[PDB]
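Each reported figure results from applying straightforward, stated rules to the coordinates on display, with no laboratory input. Ideal geometry is used to build each Cβ from the backbone, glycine not excepted, and the neighbour counts take in all protein chains shown.
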Amino acid sequence: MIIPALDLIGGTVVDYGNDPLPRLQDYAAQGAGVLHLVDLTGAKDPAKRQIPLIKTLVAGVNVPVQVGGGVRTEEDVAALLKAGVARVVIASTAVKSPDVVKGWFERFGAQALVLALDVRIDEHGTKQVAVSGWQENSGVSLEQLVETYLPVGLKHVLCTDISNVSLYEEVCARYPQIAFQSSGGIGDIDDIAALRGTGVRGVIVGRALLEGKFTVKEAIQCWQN
């Protein structure tokens, strides 16, 4: 599947205007089966989580939305789910407190959670996990972290290369019971084609859509070959 994405700061798409709803509705009209939203306001301060806006967006489309940004606590997860999101995207907390997040898998179910991992390939060829582009590696490999969560039924992993087709081939082959999503590196429609044979289950596309390089419809046609 193609997974269209939007980042939101105080109601604004990032500056591509402040009306995300018609955009999301048109993404769905073209055949998207899932949408990806990042709450940048919530990421900066979870007390200012854009819950009202998320409710409206979710209510206004007919497809599941996975939402991330400052999901730090069990209460954050619960609030998003209650607002009607389909899946909560867990990022830094998944790296920093795996035993706590394993508890979340137990409470909410693996269908409700996506682990978002930023990956750097280091000098020794190891896929290092990092909690953001701005920070050093955290000392755990992608494989070790995935294997940490497999015993609670991990199903969805969103992998961003912040340092690669080979990367996706390898991890997808190693964990065929996991549906991997790729993020980043989609600058044009040929990049979607390059991911087709890899085993990646979902391709997140954000900026390319906003810049009008191609449409969701064309992305899906390419992806489905």
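Quick notes
- The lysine pair count for the chain, using Cα distances under 21 Å and pairs eight or more places apart or on different chains, is 9.
- Note on the chain: Cα convex hull, mean projected area over all directions, 11.4 nm².
- Helix-only [θ]222 nm of the chain, DSSP H runs n ≥ 4, -39500 (n - 2.57) each, per residue, nearest 500: -10500 deg cm²/dmol
- Alpha carbon centroid spacing (whole Å) that separates region 170-225 from region 63-94: 23 Å
- Rough spin-label spacing in nm, given labels placed 7 Å along Cα→Cβ, for residue 100 and residue 122: 2.5 nm
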